[PDB]
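A single chain comes next, written as structure tokens; it is the form deposited in one PDB entry.
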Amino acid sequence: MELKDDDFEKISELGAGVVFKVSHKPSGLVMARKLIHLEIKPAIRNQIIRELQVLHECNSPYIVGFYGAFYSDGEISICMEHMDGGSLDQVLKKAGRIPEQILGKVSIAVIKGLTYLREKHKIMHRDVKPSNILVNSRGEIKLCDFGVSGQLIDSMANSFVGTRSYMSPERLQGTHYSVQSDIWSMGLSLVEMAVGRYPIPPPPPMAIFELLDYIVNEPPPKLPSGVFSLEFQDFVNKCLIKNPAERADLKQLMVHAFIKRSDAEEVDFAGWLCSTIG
């Protein structure tokens, strides 16, 4: 859309991991602006930008909108649709835990967005988790921050950073990345949002490396025994099977009992959202 740092103006801050809510003055648009700082050769930087341009060709109700990416002052700027609901990670804070009928809708949203990305663009997400699922007051649930640029992925070296990991056992044992890996993350995210806390380990903090080792060695987490329907339980369990061959695939999940039910349920998500978030 041709954006430059002069066009913009900060309204507020939305969070970091940093992202501002900005006004794009020349067009009137309100956008979310992510700044990524990288100490990198100018040459690869331009390649990231070049590669982000693919986002202009994404068009799914399950995928956050993209306005453009550019470089300025040692910052990569990625400009996006502003989601006034924030991430399910933020929502999870305010709510303590998210009800399984809401998670049913989330699951459908995620499953659809993954399948759209994989089929129309042959790309995997690579980073499915509560903070990358965004919601808004129209009740929409959308995926964000997927691995669109191979250079950006390589430059960020995300596998070793942060306190939680949603990486799969195969990948941590040298397997190529595939869709089955995003399924594990979604299952892992669903359990986190259902019980109110990152499920690894089951209930001194683990640093990233003990965590990763735990993931490849210990049995997968599961939902507690009475609070949740058996259909939800089984769904999450099919997502968290350590052997990717055995783990369910998108087609299978899409016809699972839990999803067929959830798809039928009348949930007023925007309503629940706004009387949980404000």
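In this text, the rigid core denotes the largest set of C-alpha atoms whose superposition between the two forms falls within 1.5 Å. Quick note: we count residues from 1 along the sequence shown, nothing fancier.
As for the form deposited in another entry, it is not shown, yet the points below apply to it.
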property: Sole residue of 131, 101, 136, 151 shifting 2 angstroms or more in CA between this form and the one not shown, core aligned; result: 151
property: Residue 167 C-alpha shift between this form and the one not shown of 2 Å or more, rigid core reference; result: yes
property: Residue 233: Cα shift of 2 Å or greater between this form and the one not shown (core-aligned); result: no
property: Core-aligned C-alpha movement of residue 45 between this form and the one not shown, 2 Å or more; result: yes
property: Direction of Cα pair change residue 156-residue 143 in the other entry, magnitude 3 angstroms or more; result: farther
property: Inter-Cα distance between residue 125 and residue 136 in the other entry, nearer or further [3 Å or more]; result: farther
